[PDB]
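**Q** Pasting upload_12.pdb below, which is PDB, C-alpha atoms and all ligand atoms.
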ATOM      1  CA  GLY A  26      70.937  99.630  60.481  1.00  0.00           C
ATOM      2  CA  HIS A  27      70.069 103.275  60.092  1.00  0.00           C
ATOM      3  CA  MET A  28      73.457 104.562  61.361  1.00  0.00           C
ATOM      4  CA  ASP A  29      76.740 102.685  61.918  1.00  0.00           C
ATOM      5  CA  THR A  30      79.038 102.203  64.895  1.00  0.00           C
ATOM      6  CA  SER A  31      82.318 104.115  64.992  1.00  0.00           C
ATOM      7  CA  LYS A  32      84.986 101.646  63.844  1.00  0.00           C
ATOM      8  CA  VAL A  33      88.691 101.364  63.111  1.00  0.00           C
ATOM      9  CA  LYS A  34      89.967  99.532  60.031  1.00  0.00           C
ATOM     10  CA  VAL A  35      92.783  97.048  60.591  1.00  0.00           C
ATOM     11  CA  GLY A  36      94.488  95.474  57.588  1.00  0.00           C
ATOM     12  CA  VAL A  37      95.486  91.820  57.800  1.00  0.00           C
ATOM     13  CA  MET A  38      96.246  88.880  55.546  1.00  0.00           C
ATOM     14  CA  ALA A  39      93.445  86.539  54.475  1.00  0.00           C
ATOM     15  CA  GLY A  40      93.332  83.073  56.071  1.00  0.00           C
ATOM     16  CA  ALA A  41      95.037  81.811  59.224  1.00  0.00           C
ATOM     17  CA  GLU A  42      96.254  85.274  60.137  1.00  0.00           C
ATOM     18  CA  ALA A  43      92.798  86.816  59.800  1.00  0.00           C
ATOM     19  CA  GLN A  44      91.512  84.152  62.204  1.00  0.00           C
ATOM     20  CA  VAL A  45      94.020  85.353  64.780  1.00  0.00           C
ATOM     21  CA  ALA A  46      93.086  88.989  64.110  1.00  0.00           C
ATOM     22  CA  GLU A  47      89.458  88.057  64.680  1.00  0.00           C
ATOM     23  CA  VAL A  48      90.188  87.010  68.244  1.00  0.00           C
ATOM     24  CA  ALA A  49      92.264  90.128  68.871  1.00  0.00           C
ATOM     25  CA  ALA A  50      89.273  92.147  67.652  1.00  0.00           C
ATOM     26  CA  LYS A  51      87.143  90.114  70.010  1.00  0.00           C
ATOM     27  CA  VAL A  52      89.436  90.873  72.962  1.00  0.00           C
ATOM     28  CA  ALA A  53      89.595  94.538  71.975  1.00  0.00           C
ATOM     29  CA  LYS A  54      85.801  94.885  72.322  1.00  0.00           C
ATOM     30  CA  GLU A  55      85.521  93.163  75.698  1.00  0.00           C
ATOM     31  CA  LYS A  56      88.533  94.887  77.255  1.00  0.00           C
ATOM     32  CA  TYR A  57      88.563  98.332  75.629  1.00  0.00           C
ATOM     33  CA  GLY A  58      85.167  98.618  73.974  1.00  0.00           C
ATOM     34  CA  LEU A  59      87.093  99.133  70.754  1.00  0.00           C
ATOM     35  CA  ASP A  60      85.053  98.207  67.695  1.00  0.00           C
ATOM     36  CA  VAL A  61      87.320  96.744  65.048  1.00  0.00           C
ATOM     37  CA  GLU A  62      86.694  95.932  61.412  1.00  0.00           C
ATOM     38  CA  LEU A  63      89.112  93.507  59.819  1.00  0.00           C
ATOM     39  CA  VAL A  64      90.128  94.189  56.232  1.00  0.00           C
ATOM     40  CA  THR A  65      91.790  91.171  54.630  1.00  0.00           C
ATOM     41  CA  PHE A  66      94.380  91.375  51.864  1.00  0.00           C
ATOM     42  CA  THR A  67      95.981  88.729  49.653  1.00  0.00           C
ATOM     43  CA  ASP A  68      99.121  90.580  48.505  1.00  0.00           C
ATOM     44  CA  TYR A  69     101.980  91.877  50.677  1.00  0.00           C
ATOM     45  CA  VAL A  70     102.474  95.122  48.694  1.00  0.00           C
ATOM     46  CA  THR A  71      99.000  96.457  49.436  1.00  0.00           C
ATOM     47  CA  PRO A  72      98.644  96.814  53.266  1.00  0.00           C
ATOM     48  CA  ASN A  73     101.176  99.653  53.723  1.00  0.00           C
ATOM     49  CA  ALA A  74      99.814 101.462  50.678  1.00  0.00           C
ATOM     50  CA  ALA A  75      96.328 101.301  52.175  1.00  0.00           C
ATOM     51  CA  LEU A  76      97.613 102.471  55.539  1.00  0.00           C
ATOM     52  CA  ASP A  77      99.565 105.348  53.994  1.00  0.00           C
ATOM     53  CA  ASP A  78      96.634 106.349  51.751  1.00  0.00           C
ATOM     54  CA  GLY A  79      94.268 106.471  54.716  1.00  0.00           C
ATOM     55  CA  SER A  80      92.126 103.509  53.654  1.00  0.00           C
ATOM     56  CA  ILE A  81      92.884 101.718  56.925  1.00  0.00           C
ATOM     57  CA  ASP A  82      94.056 102.893  60.351  1.00  0.00           C
ATOM     58  CA  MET A  83      96.655 100.139  60.834  1.00  0.00           C
ATOM     59  CA  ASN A  84      97.866  96.740  59.592  1.00  0.00           C
ATOM     60  CA  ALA A  85      99.375  93.565  60.998  1.00  0.00           C
ATOM     61  CA  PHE A  86     101.276  91.448  58.475  1.00  0.00           C
ATOM     62  CA  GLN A  87     104.970  92.392  58.167  1.00  0.00           C
ATOM     63  CA  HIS A  88     108.351  92.281  59.860  1.00  0.00           C
ATOM     64  CA  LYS A  89     110.744  95.232  60.188  1.00  0.00           C
ATOM     65  CA  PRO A  90     113.073  94.355  57.268  1.00  0.00           C
ATOM     66  CA  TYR A  91     110.050  94.358  54.984  1.00  0.00           C
ATOM     67  CA  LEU A  92     108.602  97.616  56.294  1.00  0.00           C
ATOM     68  CA  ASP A  93     111.927  99.491  56.134  1.00  0.00           C
ATOM     69  CA  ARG A  94     112.496  98.301  52.577  1.00  0.00           C
ATOM     70  CA  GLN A  95     109.022  99.321  51.485  1.00  0.00           C
ATOM     71  CA  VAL A  96     109.276 102.716  53.195  1.00  0.00           C
ATOM     72  CA  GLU A  97     112.564 103.321  51.385  1.00  0.00           C
ATOM     73  CA  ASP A  98     111.149 102.363  47.990  1.00  0.00           C
ATOM     74  CA  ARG A  99     107.840 104.236  48.304  1.00  0.00           C
ATOM     75  CA  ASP A 100     108.283 106.744  51.140  1.00  0.00           C
ATOM     76  CA  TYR A 101     105.268 105.788  53.261  1.00  0.00           C
ATOM     77  CA  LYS A 102     105.883 107.441  56.691  1.00  0.00           C
ATOM     78  CA  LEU A 103     104.791 104.721  59.118  1.00  0.00           C
ATOM     79  CA  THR A 104     105.645 103.818  62.681  1.00  0.00           C
ATOM     80  CA  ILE A 105     105.801 100.472  64.435  1.00  0.00           C
ATOM     81  CA  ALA A 106     103.105 100.226  67.137  1.00  0.00           C
ATOM     82  CA  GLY A 107     104.002  96.837  68.642  1.00  0.00           C
ATOM     83  CA  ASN A 108     105.312  93.332  67.952  1.00  0.00           C
ATOM     84  CA  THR A 109     102.992  90.403  67.232  1.00  0.00           C
ATOM     85  CA  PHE A 110     104.432  86.956  66.493  1.00  0.00           C
ATOM     86  CA  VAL A 111     107.425  85.336  64.848  1.00  0.00           C
ATOM     87  CA  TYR A 112     106.658  82.866  62.076  1.00  0.00           C
ATOM     88  CA  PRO A 113     109.871  80.878  61.497  1.00  0.00           C
ATOM     89  CA  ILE A 114     109.750  80.348  57.737  1.00  0.00           C
ATOM     90  CA  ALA A 115     110.254  76.832  56.433  1.00  0.00           C
ATOM     91  CA  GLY A 116     111.113  74.955  53.289  1.00  0.00           C
ATOM     92  CA  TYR A 117     108.464  72.470  52.170  1.00  0.00           C
ATOM     93  CA  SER A 118     108.355  69.689  49.580  1.00  0.00           C
ATOM     94  CA  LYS A 119     106.052  67.124  47.997  1.00  0.00           C
ATOM     95  CA  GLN A 120     109.120  65.146  46.900  1.00  0.00           C
ATOM     96  CA  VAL A 121     111.847  65.040  49.541  1.00  0.00           C
ATOM     97  CA  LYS A 122     111.830  64.726  53.315  1.00  0.00           C
ATOM     98  CA  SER A 123     115.429  65.910  53.752  1.00  0.00           C
ATOM     99  CA  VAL A 124     117.876  68.285  52.088  1.00  0.00           C
ATOM    100  CA  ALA A 125     120.774  65.846  51.961  1.00  0.00           C
ATOM    101  CA  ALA A 126     120.215  63.567  48.962  1.00  0.00           C
ATOM    102  CA  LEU A 127     118.434  66.301  47.071  1.00  0.00           C
ATOM    103  CA  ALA A 128     119.163  65.534  43.440  1.00  0.00           C
ATOM    104  CA  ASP A 129     121.667  67.735  41.651  1.00  0.00           C
ATOM    105  CA  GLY A 130     120.314  70.524  39.492  1.00  0.00           C
ATOM    106  CA  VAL A 131     116.992  70.776  41.312  1.00  0.00           C
ATOM    107  CA  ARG A 132     114.815  73.875  41.310  1.00  0.00           C
ATOM    108  CA  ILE A 133     114.150  75.609  44.637  1.00  0.00           C
ATOM    109  CA  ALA A 134     111.375  78.198  44.794  1.00  0.00           C
ATOM    110  CA  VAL A 135     111.622  81.270  47.078  1.00  0.00           C
ATOM    111  CA  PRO A 136     109.764  84.591  47.490  1.00  0.00           C
ATOM    112  CA  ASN A 137     110.904  87.492  45.303  1.00  0.00           C
ATOM    113  CA  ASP A 138     110.489  90.606  47.419  1.00  0.00           C
ATOM    114  CA  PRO A 139     114.009  91.640  48.603  1.00  0.00           C
ATOM    115  CA  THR A 140     113.798  91.051  52.359  1.00  0.00           C
ATOM    116  CA  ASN A 141     112.146  87.659  52.090  1.00  0.00           C
ATOM    117  CA  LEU A 142     114.435  86.675  49.206  1.00  0.00           C
ATOM    118  CA  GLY A 143     117.434  87.457  51.381  1.00  0.00           C
ATOM    119  CA  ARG A 144     115.852  85.636  54.282  1.00  0.00           C
ATOM    120  CA  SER A 145     115.371  82.522  52.125  1.00  0.00           C
ATOM    121  CA  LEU A 146     118.921  82.518  50.789  1.00  0.00           C
ATOM    122  CA  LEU A 147     120.270  82.872  54.331  1.00  0.00           C
ATOM    123  CA  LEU A 148     118.091  79.907  55.337  1.00  0.00           C
ATOM    124  CA  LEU A 149     119.334  77.817  52.412  1.00  0.00           C
ATOM    125  CA  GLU A 150     122.910  78.566  53.453  1.00  0.00           C
ATOM    126  CA  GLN A 151     122.114  77.238  56.928  1.00  0.00           C
ATOM    127  CA  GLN A 152     121.094  74.014  55.230  1.00  0.00           C
ATOM    128  CA  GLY A 153     124.434  73.861  53.470  1.00  0.00           C
ATOM    129  CA  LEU A 154     122.734  74.008  50.074  1.00  0.00           C
ATOM    130  CA  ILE A 155     124.621  77.166  49.148  1.00  0.00           C
ATOM    131  CA  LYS A 156     127.150  79.599  50.538  1.00  0.00           C
ATOM    132  CA  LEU A 157     126.855  83.412  50.477  1.00  0.00           C
ATOM    133  CA  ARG A 158     129.600  86.034  50.487  1.00  0.00           C
ATOM    134  CA  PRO A 159     130.919  87.017  53.936  1.00  0.00           C
ATOM    135  CA  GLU A 160     129.611  90.623  54.113  1.00  0.00           C
ATOM    136  CA  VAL A 161     126.127  89.876  52.726  1.00  0.00           C
ATOM    137  CA  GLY A 162     123.318  91.204  54.886  1.00  0.00           C
ATOM    138  CA  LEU A 163     119.586  90.634  55.069  1.00  0.00           C
ATOM    139  CA  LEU A 164     119.181  91.544  51.399  1.00  0.00           C
ATOM    140  CA  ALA A 165     121.198  88.780  49.751  1.00  0.00           C
ATOM    141  CA  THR A 166     120.432  87.946  46.112  1.00  0.00           C
ATOM    142  CA  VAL A 167     121.627  85.316  43.654  1.00  0.00           C
ATOM    143  CA  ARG A 168     124.545  87.618  42.846  1.00  0.00           C
ATOM    144  CA  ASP A 169     125.771  86.927  46.378  1.00  0.00           C
ATOM    145  CA  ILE A 170     126.106  83.158  45.979  1.00  0.00           C
ATOM    146  CA  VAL A 171     129.721  81.991  46.188  1.00  0.00           C
ATOM    147  CA  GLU A 172     129.140  78.249  46.288  1.00  0.00           C
ATOM    148  CA  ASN A 173     126.431  76.012  44.833  1.00  0.00           C
ATOM    149  CA  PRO A 174     127.531  72.333  45.168  1.00  0.00           C
ATOM    150  CA  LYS A 175     124.260  70.705  44.000  1.00  0.00           C
ATOM    151  CA  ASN A 176     123.947  73.089  41.044  1.00  0.00           C
ATOM    152  CA  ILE A 177     120.634  74.416  42.321  1.00  0.00           C
ATOM    153  CA  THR A 178     118.530  76.918  40.396  1.00  0.00           C
ATOM    154  CA  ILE A 179     116.809  79.490  42.578  1.00  0.00           C
ATOM    155  CA  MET A 180     113.332  80.283  41.279  1.00  0.00           C
ATOM    156  CA  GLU A 181     112.081  83.615  42.608  1.00  0.00           C
ATOM    157  CA  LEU A 182     108.280  83.900  42.685  1.00  0.00           C
ATOM    158  CA  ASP A 183     105.628  86.152  44.200  1.00  0.00           C
ATOM    159  CA  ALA A 184     104.976  85.059  47.787  1.00  0.00           C
ATOM    160  CA  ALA A 185     101.329  84.205  47.066  1.00  0.00           C
ATOM    161  CA  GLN A 186     102.408  81.829  44.278  1.00  0.00           C
ATOM    162  CA  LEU A 187     104.773  79.715  46.404  1.00  0.00           C
ATOM    163  CA  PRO A 188     102.100  77.223  47.554  1.00  0.00           C
ATOM    164  CA  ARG A 189     101.279  76.134  44.010  1.00  0.00           C
ATOM    165  CA  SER A 190     105.023  76.039  43.313  1.00  0.00           C
ATOM    166  CA  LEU A 191     105.321  72.787  45.268  1.00  0.00           C
ATOM    167  CA  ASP A 192     103.982  71.044  42.154  1.00  0.00           C
ATOM    168  CA  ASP A 193     106.729  72.353  39.874  1.00  0.00           C
ATOM    169  CA  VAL A 194     109.928  72.433  41.906  1.00  0.00           C
ATOM    170  CA  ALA A 195     111.833  70.128  44.217  1.00  0.00           C
ATOM    171  CA  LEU A 196     111.330  72.353  47.244  1.00  0.00           C
ATOM    172  CA  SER A 197     109.865  75.740  48.189  1.00  0.00           C
ATOM    173  CA  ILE A 198     110.433  78.124  51.076  1.00  0.00           C
ATOM    174  CA  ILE A 199     106.952  79.472  51.817  1.00  0.00           C
ATOM    175  CA  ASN A 200     105.813  82.177  54.251  1.00  0.00           C
ATOM    176  CA  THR A 201     103.551  80.526  56.855  1.00  0.00           C
ATOM    177  CA  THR A 202     100.992  83.128  55.778  1.00  0.00           C
ATOM    178  CA  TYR A 203     100.401  81.045  52.674  1.00  0.00           C
ATOM    179  CA  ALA A 204     101.760  77.637  53.637  1.00  0.00           C
ATOM    180  CA  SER A 205      98.900  77.504  56.128  1.00  0.00           C
ATOM    181  CA  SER A 206      96.338  78.036  53.375  1.00  0.00           C
ATOM    182  CA  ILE A 207      97.335  74.593  52.049  1.00  0.00           C
ATOM    183  CA  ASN A 208      97.388  73.058  55.513  1.00  0.00           C
ATOM    184  CA  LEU A 209     101.162  72.976  56.002  1.00  0.00           C
ATOM    185  CA  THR A 210     103.082  73.828  59.177  1.00  0.00           C
ATOM    186  CA  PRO A 211     106.803  74.171  59.824  1.00  0.00           C
ATOM    187  CA  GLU A 212     106.692  71.700  62.713  1.00  0.00           C
ATOM    188  CA  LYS A 213     104.717  69.048  60.851  1.00  0.00           C
ATOM    189  CA  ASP A 214     105.700  69.418  57.181  1.00  0.00           C
ATOM    190  CA  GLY A 215     108.876  71.493  57.082  1.00  0.00           C
ATOM    191  CA  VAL A 216     111.967  69.933  55.497  1.00  0.00           C
ATOM    192  CA  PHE A 217     113.883  72.457  57.553  1.00  0.00           C
ATOM    193  CA  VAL A 218     112.884  75.447  59.620  1.00  0.00           C
ATOM    194  CA  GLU A 219     114.334  78.876  60.314  1.00  0.00           C
ATOM    195  CA  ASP A 220     115.457  79.546  63.895  1.00  0.00           C
ATOM    196  CA  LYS A 221     112.921  81.123  66.274  1.00  0.00           C
ATOM    197  CA  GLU A 222     115.448  83.834  67.079  1.00  0.00           C
ATOM    198  CA  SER A 223     115.708  86.190  64.112  1.00  0.00           C
ATOM    199  CA  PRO A 224     114.804  89.710  63.002  1.00  0.00           C
ATOM    200  CA  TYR A 225     111.501  88.663  61.463  1.00  0.00           C
ATOM    201  CA  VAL A 226     108.999  89.173  64.280  1.00  0.00           C
ATOM    202  CA  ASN A 227     105.757  90.528  62.850  1.00  0.00           C
ATOM    203  CA  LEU A 228     104.299  93.881  63.769  1.00  0.00           C
ATOM    204  CA  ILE A 229     101.282  96.085  64.060  1.00  0.00           C
ATOM    205  CA  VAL A 230     102.109  99.179  62.077  1.00  0.00           C
ATOM    206  CA  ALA A 231     100.237 102.457  61.981  1.00  0.00           C
ATOM    207  CA  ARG A 232     100.804 105.821  60.343  1.00  0.00           C
ATOM    208  CA  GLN A 233     103.439 108.144  61.758  1.00  0.00           C
ATOM    209  CA  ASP A 234     100.704 110.644  62.675  1.00  0.00           C
ATOM    210  CA  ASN A 235      98.280 108.272  64.383  1.00  0.00           C
ATOM    211  CA  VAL A 236     100.499 105.806  66.228  1.00  0.00           C
ATOM    212  CA  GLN A 237     100.009 107.718  69.490  1.00  0.00           C
ATOM    213  CA  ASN A 238      96.205 107.214  69.522  1.00  0.00           C
ATOM    214  CA  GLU A 239      94.682 104.748  72.004  1.00  0.00           C
ATOM    215  CA  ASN A 240      92.854 103.025  69.137  1.00  0.00           C
ATOM    216  CA  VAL A 241      96.152 101.792  67.764  1.00  0.00           C
ATOM    217  CA  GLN A 242      97.734 101.202  71.164  1.00  0.00           C
ATOM    218  CA  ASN A 243      94.694  99.285  72.474  1.00  0.00           C
ATOM    219  CA  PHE A 244      94.500  96.939  69.512  1.00  0.00           C
ATOM    220  CA  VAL A 245      98.219  96.182  70.021  1.00  0.00           C
ATOM    221  CA  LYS A 246      97.541  95.248  73.637  1.00  0.00           C
ATOM    222  CA  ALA A 247      94.554  93.079  72.769  1.00  0.00           C
ATOM    223  CA  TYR A 248      96.646  91.196  70.180  1.00  0.00           C
ATOM    224  CA  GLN A 249      99.255  90.408  72.813  1.00  0.00           C
ATOM    225  CA  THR A 250      96.810  88.976  75.349  1.00  0.00           C
ATOM    226  CA  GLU A 251      96.983  85.367  76.477  1.00  0.00           C
ATOM    227  CA  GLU A 252      93.631  84.662  74.778  1.00  0.00           C
ATOM    228  CA  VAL A 253      94.811  85.580  71.294  1.00  0.00           C
ATOM    229  CA  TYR A 254      98.056  83.707  71.862  1.00  0.00           C
ATOM    230  CA  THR A 255      96.097  80.605  72.820  1.00  0.00           C
ATOM    231  CA  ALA A 256      93.927  80.982  69.720  1.00  0.00           C
ATOM    232  CA  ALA A 257      97.035  81.481  67.580  1.00  0.00           C
ATOM    233  CA  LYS A 258      98.712  78.296  68.835  1.00  0.00           C
ATOM    234  CA  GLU A 259      95.571  76.393  67.908  1.00  0.00           C
ATOM    235  CA  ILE A 260      95.196  78.012  64.487  1.00  0.00           C
ATOM    236  CA  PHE A 261      98.749  77.013  63.530  1.00  0.00           C
ATOM    237  CA  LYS A 262      98.246  73.345  64.461  1.00  0.00           C
TER
HETATM  238  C1  LIG B 301     105.793  91.234  54.610  1.00  0.00           C
HETATM  239  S1  LIG B 301     107.044  90.352  55.469  1.00  0.00           S
HETATM  240  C2  LIG B 301     105.864  89.170  56.019  1.00  0.00           C
HETATM  241  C3  LIG B 301     106.491  88.127  56.830  1.00  0.00           C
HETATM  242  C4  LIG B 301     105.667  86.864  56.980  1.00  0.00           C
HETATM  243  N1  LIG B 301     104.354  87.055  57.708  1.00  0.00           N
HETATM  244  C5  LIG B 301     106.502  85.945  57.799  1.00  0.00           C
HETATM  245  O1  LIG B 301     106.542  86.106  59.050  1.00  0.00           O
HETATM  246  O2  LIG B 301     107.153  85.065  57.217  1.00  0.00           O
END
Can you dump the structure from the file as structure tokens?

**A**
Amino acid sequence: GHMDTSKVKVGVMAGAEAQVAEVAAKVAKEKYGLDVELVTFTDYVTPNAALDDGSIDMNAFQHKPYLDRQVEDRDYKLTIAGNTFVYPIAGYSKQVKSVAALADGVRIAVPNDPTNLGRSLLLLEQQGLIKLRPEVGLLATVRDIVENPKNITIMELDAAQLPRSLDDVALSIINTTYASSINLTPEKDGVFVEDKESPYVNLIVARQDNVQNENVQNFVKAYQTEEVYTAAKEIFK
């Protein structure tokens, strides 16, 4: 028009997650008269940078381990505003339906950022594919492997490249953020799935100096409404 409405920029991930954010934005307008503008991203390392730089007022795409790690490596100054959902990561495959009877020497693809790499290795261990040292935490790496019976080779790739990895490796642990973009769900296609209970619940994060504002708080509330939840269930099969 000739003048625009006052809006708040929320950063989210393209695809399934943006669809969920769309409903939240819908609920935010009806309940709080909060006009929201979704800003979709395709890479995990961008959202916090945008938030910190002032390009967006908040984002919804990460879990605490990831945020803490990124704040430590770049010094962003952010504060958690509220929890969203948990997306139990899963291992998928266009070749096998089970982990037992996985040929020896196979390649297994996993994300390469530190917190999701560690998460994947922990998950593999739960499958009995490998064993990690006793004191390893949430940041395990290949240097922490103390047992590898099937002689597996861990291929670390950028999270957004894991979908396409299914065509080159025996099995890939993919964030639902991307697995959904190729119509895969843990419940329907997962060879194995991470437990619901874990430290990976997603969050709505804002800057340290704006987290108190009702704009941030209200969006958080809208995202936790029954409506959005219902829409989310649908969106993820
Ligand atoms: C940047 S960490 C992102 C986590 C991802 N959405 C998951 O829940 O698997």

**Q** May I have the residues within 8 Å of residue A:76 as a ChimeraX atom specification, using all atoms listed in the file and disregarding those fewer than 4 positions away in the same chain?

**A** /A:36,72,80-84,231-232

**Q** Mind giving me the straight-line distance from atom CA of residue A:201 to atom CA of residue A:157 in Å, one decimal?

**A**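 These two atoms are separated by 24.3 Å.
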
**Q** Take atom CA of residue A:233 and atom CA of residue A:93 and report the distance between them in Å, one decimal.

**A**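 Straight-line distance from atom CA of residue A:233 to atom CA of residue A:93 works out to 13.4 Å.
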
**Q** Evaluate the PyMOL selection byres (((not hetatm)) within 6 of (chain B and resi 301)) and record the selected residues as a list in words, following the chain and residue labels used in the document.

**A** residues 69, 86, 87, 88, 91, 111, 112, 114, 200, 201, 202 and 227 of chain A

**Q** Taking into account all atoms listed in the file, which residue in the set A:108, A:151, A:100, A:183 is nearest to residue A:139?

**A** A:183

**Q** List as number ranges by chain the residues having at least one atom at most 10 Å from position (101.5, 69.6, 45.7) as given in the file, counting only C-alpha atoms.

**A** A: 117-120, 188-194, 207

**Q** Enclose stretch 148-161 of chain A, meaning all of its atoms listed in the file, in a box aligned along x, y and z, pad it by 4 Å on each side, and list the centre and edge lengths in Å to one decimal, as AutoDock Vina command-line options.

**A**
--center_x 124.5 --center_y 82.2 --center_z 53.0 --size_x 20.8 --size_y 24.8 --size_z 15.8

**Q** In terms of the shortest atom-to-atom distance over only C-alpha atoms, which of A:92, A:134, A:121, A:115 is closest to residue A:211?

**A**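 Under the stated criterion, the closest residue is A:115.
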
**Q** Could you tell me how far atom CA of residue A:140 sits from atom CA of residue A:258, in Å to one decimal place?

**A**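 These two atoms are separated by 25.7 Å.
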
**Q** Report as a list in words the residues that result from applying the PyMOL selection byres (((chain A and resi 167-175) around 8) and not hetatm) to the structure here.

**A**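 Expected selection for the PyMOL selection byres (((chain A and resi 167-175) around 8) and not hetatm) here is residues 127, 128, 129, 130, 131, 154, 155, 156, 157, 158, 161, 165, 166, 176, 177 and 179 of chain A.
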
**Q** Smallest atom-to-atom distance to residue A:223: which of A:132, A:144, A:102, A:56, using only C-alpha atoms?

**A**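 Of A:132, A:144, A:102, A:56, the one nearest residue A:223, counting only C-alpha atoms, is A:144.
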
**Q** Taking (99.4, 85.9, 61.1) in the file's own coordinates, collect the residues within 12 Å, counting all atoms listed in the file, and hand them back as a VMD selection string.

**A** chain A and resid 36 to 49 65 to 66 84 to 88 108 to 113 200 to 206 226 to 229 248 253 to 254 256 to 258 260 to 261

**Q** Measuring between all atoms listed in the file, which one of A:32, A:94, A:246, A:89 shows the shortest distance to residue A:230?

**A**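 For residue A:230, the nearest of the given residues is A:89.
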
**Q** Considering only C-alpha atoms, can you say which of A:259, A:60, A:77, A:97 comes closest to residue A:29?

**A**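 Among A:259, A:60, A:77, A:97, it is A:60 that comes nearest to residue A:29.
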